[PDB]
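What follows is one structure encoded as structure tokens, with my remarks underneath.
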Amino acid sequence: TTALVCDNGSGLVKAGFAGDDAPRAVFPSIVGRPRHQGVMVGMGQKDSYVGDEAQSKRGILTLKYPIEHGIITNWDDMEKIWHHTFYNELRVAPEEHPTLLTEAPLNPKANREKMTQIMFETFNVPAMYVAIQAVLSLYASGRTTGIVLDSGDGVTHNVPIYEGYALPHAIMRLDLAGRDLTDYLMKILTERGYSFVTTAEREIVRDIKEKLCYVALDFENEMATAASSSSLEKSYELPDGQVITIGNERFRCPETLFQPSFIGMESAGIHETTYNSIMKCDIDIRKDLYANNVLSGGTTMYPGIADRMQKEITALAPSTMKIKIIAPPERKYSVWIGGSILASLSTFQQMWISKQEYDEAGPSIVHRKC
Amino acid sequence: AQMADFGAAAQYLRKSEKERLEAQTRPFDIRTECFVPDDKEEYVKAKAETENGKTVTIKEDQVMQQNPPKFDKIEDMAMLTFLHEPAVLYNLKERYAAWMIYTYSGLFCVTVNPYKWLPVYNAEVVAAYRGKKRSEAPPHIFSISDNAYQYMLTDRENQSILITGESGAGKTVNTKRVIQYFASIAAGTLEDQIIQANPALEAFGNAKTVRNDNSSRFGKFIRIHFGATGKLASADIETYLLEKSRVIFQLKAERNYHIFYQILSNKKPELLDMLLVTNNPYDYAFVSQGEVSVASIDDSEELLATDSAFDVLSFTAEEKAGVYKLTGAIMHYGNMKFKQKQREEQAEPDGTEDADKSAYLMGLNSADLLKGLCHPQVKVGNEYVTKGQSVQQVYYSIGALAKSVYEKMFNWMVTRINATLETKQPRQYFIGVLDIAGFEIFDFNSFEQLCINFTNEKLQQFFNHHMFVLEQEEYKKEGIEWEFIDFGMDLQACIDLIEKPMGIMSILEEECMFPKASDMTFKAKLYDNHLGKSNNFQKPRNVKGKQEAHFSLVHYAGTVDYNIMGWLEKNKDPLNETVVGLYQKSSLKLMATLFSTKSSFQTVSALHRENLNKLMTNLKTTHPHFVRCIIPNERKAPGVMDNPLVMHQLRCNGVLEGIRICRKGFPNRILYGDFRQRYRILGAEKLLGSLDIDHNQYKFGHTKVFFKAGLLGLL
Ligand SMILES: Nc1ncnc2c1ncn2[C@@H]1O[C@H](COP(=O)(O)OP(=O)(O)O)[C@@H](O)[C@H]1O
């Protein structure tokens, strides 16, 4: 019997079978409901659309995300998304498949406990497990020593690992990710005449961000070059014609990652949190943590983020250490790839939380033991 | 009388009543005639004080008694009273001296290569086995064949003839003669047809092993089908698990499949001018890892034979250049070179010459091939995404691609042979002749030896369970109320740690997946999971002066010492689906044929286990008959056999395993008349109710008395 890997994420649900090379079902984690009246009798109105079916009827729906910052805040919506994933996208029966869920570190225990209870009660899975996204990213990167910068859509975090031992006192978690960059782009576009207020228009802004934004190597002289010429201007076409052109917003949007004081945050950039997480570890392993900076997640996909990260950390770290930024072209699915690798291992089939153990212990087993 | 109708074969099947009756009456003492071990003959006859030309004194619980002269030349060794290894060895040797090359051992039909022409097949005079059961006619392979035929027509079951495959010669003639007997009884001929297609399967599936010069590295299952009522129909061959990891890597003192050196022998300049290949085998990394030439076979005449066998088949001019070009492309794969990108970890090609030649042969685009090897695509959801590949991963992909191309071409060749041998009306049943490589105990064992020994463990468990069933039926028929644990599974199922999902192969696959794994981590995991917990897994007794082994398994044919150095590199088989998509659209028609048919986890061990399950499932739906050919000596001298060689073969064949099995029940089974007559010297219950011997060493039922091994040796 095969196992299911269901890397949740706050902006994209990636599911599939343990052993495959890639997730089979990738769809936006969204639950939309019709706002408007409805007058055509006999249309066959549905209560609410999930996944990318709510992305195609985006005009008349109000889109909601049941995962805000890595924490599930609407549990019936999460149940709807899980049911969709299991039956309409994967087309399986969860009673016959162990499921490997995934999660970010340093978030409430009630999250894992409710995950376990929901699974074992309303899906009757034979077994389950809740891993950490960073360890799976390391599995997928093909190494056992490195500090992974996993930045998704709800949370950015660093987890330094050496020879297979996690250093939990150095795990740093930061609460700006793709969604906050989308909001900052939506707010920074109004200074050019374009106004996006609806959640559908938020998805449009997300696509603009994914298609045109990039990270500037040196921000100030790049800003000056943008101000001098118009060679950084590019045109995008909204889905009604009505093209728009953006200039320096292209690199002002992702710069929020390295200068989080743009959106009124007090924290440090991602480069400085990476360097601090390295400098929180023992002095004998940071030489190898420096040369294995593994990037993963969607928000780490901006063109030129590896060069800028390397330049920053090299300006921070001493002048002898070899700073290497590992940026695979498929780093958007590293968490899922590593999860399938982990769920395929023979030595792991002893780590599942079997339904019998749940019946014996209660929902509090998921973190007390596993 | 009942034997004089075999003509000139009578002297080679059964000795006359005169010579037998005068050989069953030799004066031999009970307690002063035994066997003692040795070093060069490994076992000798002796009279503790013992003498056979030299004197030796050994412990008084290591001498085994010779069988009495009443069991001197018995043709069914399950009927001896003292079942031990020297007894069986010397019974074989004694029957081979006074020329009688065939002997039964319980269920097997042991054959000895005579190296001397004997009229034991000569005319229909010796083909007069038509109906004579196993219990009546002399011990011939014709008895096995004719009983398979009779069973096929009486029970309407498919049958199988599992024959020895590890032996050098004597096996091919045995298969030829079984097929010939089947053609003769139920009579461009089928035998000549199956022999015509042989040089191609040789050139593509035969490799020079260290303990051979022409070794079949696959399992050939020749099935000859029979009509509704028993008329011979067409025959198709079905090939099973192929050692495809040989196309890449060869141990020292070995070669890969012959076709490479045959083509490369520069006997036909047209090929070496069309393949864009030179004539020096040391130029290509896939063919020259071991040795490039042997003096036991010339390559030019084998190449002519292969080309003429291709011409005999329906092969057209393009479907031969296709095969030759594919082999040349597999040759050019091995010497492609990739380098780490400057300051990065991505692989990029340095030198496109071999890429140019391989892409021009396979009918592809060189730039597209390179881009697909370096930057494979993957389907994530509904979109596509590129992927990163280090130099090691690119080399793994090239190796896996070469192996897949070679095995698909081999299967296509087998399909075309099956096609040119296919002509008849619908047919019901068949007789399969399974030929597969046997157990292997070398001085240096590796992954391939582990795979072959796993296959043979499966086959021997099959035979042991079959004998369990037959013994159960023969005990129930005679009403002998005696039940015992299953012979087959409850004895060898413990040595199948290899397959159970925590054993050797499962751990090997897990180590293939895990990051930064090596040989030392694999050894550590093996020891952590198996050392001390299972009694079959053991740490070897490494002696200073022999090859270094890492673990030892207790097989059915002894204990084998394996060396795990390099298993992770050989067990990986990651297929690149982008290059497969390039293959499916190649300009060369044969490549498109091969790859006409909502991946990075492929391993050699998993595919081997799947093919083994398939083969065992095919076999289990049949009724098996076993044949065991034996090489008596290495210098081809007829009549005399070397005892260490024959004993090694007799351990690996499974004969001594079956003897150990039969030595646990009641092997000595005698009728009531013969025992009431010969041992009347003072019905049978009363006569046996007077001796002091015992009570449980015998069992009575329905005109048959049973004896444990060693009670008819006291009498
Ligand atoms: N090419 C790209 N350039 C910049 N950002 C991208 C790109 N592709 C995706 N993203 C961002 O990545 C986010 C999705 O990342 P993902 O790893 O799926 O996070 P999660 O797992 O939490 O859903 C989206 O919000 C999107 O804005």
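Identifiers in this document derive from the order of the structure tokens: chains are assigned A, B, ..., residues are numbered from 1 separately in each chain, and ligands are numbered from 1 in order of occurrence.
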Compute the chain A side of the contact with chain B at 8 Å, counting only C-alpha atoms, and hand it back as a list in words.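 Matching residues, ligands excluded from the count: residues 19, 20, 21, 22, 23, 24, 25, 26, 89, 90, 139, 142, 143, 144, 328, 329, 330, 341, 344, 345, 346 and 347 of chain A.
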Please give me, as a ChimeraX atom specification, the residues lying within 8 Å of ligand 1 when counting only C-alpha atoms and all ligand atoms. /A:7-14,28-29,70,151-155,177-179,181-182,206-207,209-211,213-214,296-303,332-333
List as JSON lines every residue of range 96-196 of chain B that is in contact with range 420-438 of chain B, defined as an atom at most 6 Å from one of its atoms (using only C-alpha atoms), together with the nearest atom pair and the distance in Å rounded to one decimal, sorted by chain and then rising number.
```
{"residue": "B:158", "atom": "CA", "partner": "B:430", "partner_atom": "CA", "distance": 5.6}
{"residue": "B:159", "atom": "CA", "partner": "B:431", "partner_atom": "CA", "distance": 5.0}
{"residue": "B:160", "atom": "CA", "partner": "B:432", "partner_atom": "CA", "distance": 4.4}
{"residue": "B:161", "atom": "CA", "partner": "B:433", "partner_atom": "CA", "distance": 4.6}
{"residue": "B:162", "atom": "CA", "partner": "B:434", "partner_atom": "CA", "distance": 4.9}
{"residue": "B:163", "atom": "CA", "partner": "B:435", "partner_atom": "CA", "distance": 5.6}
{"residue": "B:165", "atom": "CA", "partner": "B:437", "partner_atom": "CA", "distance": 4.6}
{"residue": "B:166", "atom": "CA", "partner": "B:437", "partner_atom": "CA", "distance": 4.6}
```
Keeping N, CA, C and O atoms, export the residues of the selection given above as a PDB file, in the first residue's frame.
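Once written, result27.pdb looks like this:
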```pdb
ATOM      1  N   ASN B 158      -0.184 -27.749 -17.354  1.00  0.00           N
ATOM      2  CA  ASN B 158       1.098 -27.366 -17.918  1.00  0.00           C
ATOM      3  C   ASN B 158       2.224 -27.966 -17.085  1.00  0.00           C
ATOM      4  O   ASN B 158       2.098 -28.153 -15.874  1.00  0.00           O
ATOM      5  N   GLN B 159       3.337 -28.273 -17.744  1.00  0.00           N
ATOM      6  CA  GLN B 159       4.468 -28.911 -17.091  1.00  0.00           C
ATOM      7  C   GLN B 159       5.730 -28.108 -17.364  1.00  0.00           C
ATOM      8  O   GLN B 159       5.800 -27.335 -18.320  1.00  0.00           O
ATOM      9  N   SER B 160       6.739 -28.304 -16.517  1.00  0.00           N
ATOM     10  CA  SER B 160       7.999 -27.587 -16.646  1.00  0.00           C
ATOM     11  C   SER B 160       9.161 -28.531 -16.385  1.00  0.00           C
ATOM     12  O   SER B 160       9.064 -29.451 -15.571  1.00  0.00           O
ATOM     13  N   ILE B 161      10.266 -28.285 -17.082  1.00  0.00           N
ATOM     14  CA  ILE B 161      11.485 -29.072 -16.947  1.00  0.00           C
ATOM     15  C   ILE B 161      12.579 -28.109 -16.505  1.00  0.00           C
ATOM     16  O   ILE B 161      13.243 -27.487 -17.340  1.00  0.00           O
ATOM     17  N   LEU B 162      12.780 -27.985 -15.196  1.00  0.00           N
ATOM     18  CA  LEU B 162      13.804 -27.101 -14.649  1.00  0.00           C
ATOM     19  C   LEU B 162      15.154 -27.805 -14.739  1.00  0.00           C
ATOM     20  O   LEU B 162      15.411 -28.765 -14.006  1.00  0.00           O
ATOM     21  N   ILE B 163      16.014 -27.326 -15.629  1.00  0.00           N
ATOM     22  CA  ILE B 163      17.297 -27.956 -15.903  1.00  0.00           C
ATOM     23  C   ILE B 163      18.416 -27.064 -15.375  1.00  0.00           C
ATOM     24  O   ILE B 163      18.251 -25.850 -15.222  1.00  0.00           O
ATOM     25  N   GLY B 165      21.590 -24.776 -15.291  1.00  0.00           N
ATOM     26  CA  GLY B 165      22.059 -23.773 -16.224  1.00  0.00           C
ATOM     27  C   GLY B 165      23.460 -23.257 -15.961  1.00  0.00           C
ATOM     28  O   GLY B 165      24.060 -22.615 -16.829  1.00  0.00           O
ATOM     29  N   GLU B 166      23.993 -23.528 -14.768  1.00  0.00           N
ATOM     30  CA  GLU B 166      25.307 -23.019 -14.392  1.00  0.00           C
ATOM     31  C   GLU B 166      26.446 -23.796 -15.044  1.00  0.00           C
ATOM     32  O   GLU B 166      27.551 -23.260 -15.175  1.00  0.00           O
TER      33      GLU B 166
END
```
Can you list every residue in range 201-280 of chain A that DSSP puts in alpha helix (DSSP H), as JSON, numbers by chain? {"A": [201, 202, 203, 204, 205, 206, 207, 208, 209, 210, 211, 212, 219, 220, 221, 222, 223, 224, 225, 226, 227, 228, 249, 250, 251, 252, 270, 271, 272, 273, 274, 275, 276, 277, 278, 279]}
Residues near residue 71 in chain B, cut-off 8 Å, only C-alpha atoms, skip fewer than 4 positions along chain, as number ranges by chain: B: 24, 67, 80
For the residues in the current selection, export N, CA and C atoms as a PDB file, in the first residue's frame.
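The new file selection_8.pdb reads:
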```
ATOM      1  N   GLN B  24      26.119 -57.685  -6.025  1.00  0.00           N
ATOM      2  CA  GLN B  24      25.358 -57.554  -4.789  1.00  0.00           C
ATOM      3  C   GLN B  24      25.766 -58.574  -3.732  1.00  0.00           C
ATOM      4  N   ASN B  67      27.702 -47.889   2.389  1.00  0.00           N
ATOM      5  CA  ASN B  67      26.498 -48.674   2.208  1.00  0.00           C
ATOM      6  C   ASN B  67      26.873 -50.113   1.860  1.00  0.00           C
ATOM      7  N   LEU B  80      19.135 -45.856  -0.574  1.00  0.00           N
ATOM      8  CA  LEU B  80      20.250 -46.215   0.285  1.00  0.00           C
ATOM      9  C   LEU B  80      19.823 -46.151   1.748  1.00  0.00           C
TER      10      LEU B  80
END
```
Excluding same-chain residues fewer than 2 positions from residue 81 in chain A, what lies within 9 Å of it counting only C-alpha atoms, as an MDAnalysis selection string? chainID A and resid 13 29:31 50:51 76:79 83:86
Selection: 12 Å around residue 112 in chain A, only C-alpha atoms, excl. self and same-chain fewer than 5 positions, as JSON, numbers by chain: {"A": [70, 71, 72, 101, 102, 103, 104, 105, 106, 107, 117, 118, 119, 128, 129, 130, 131, 132, 363, 364, 365, 366, 367, 368, 370]}
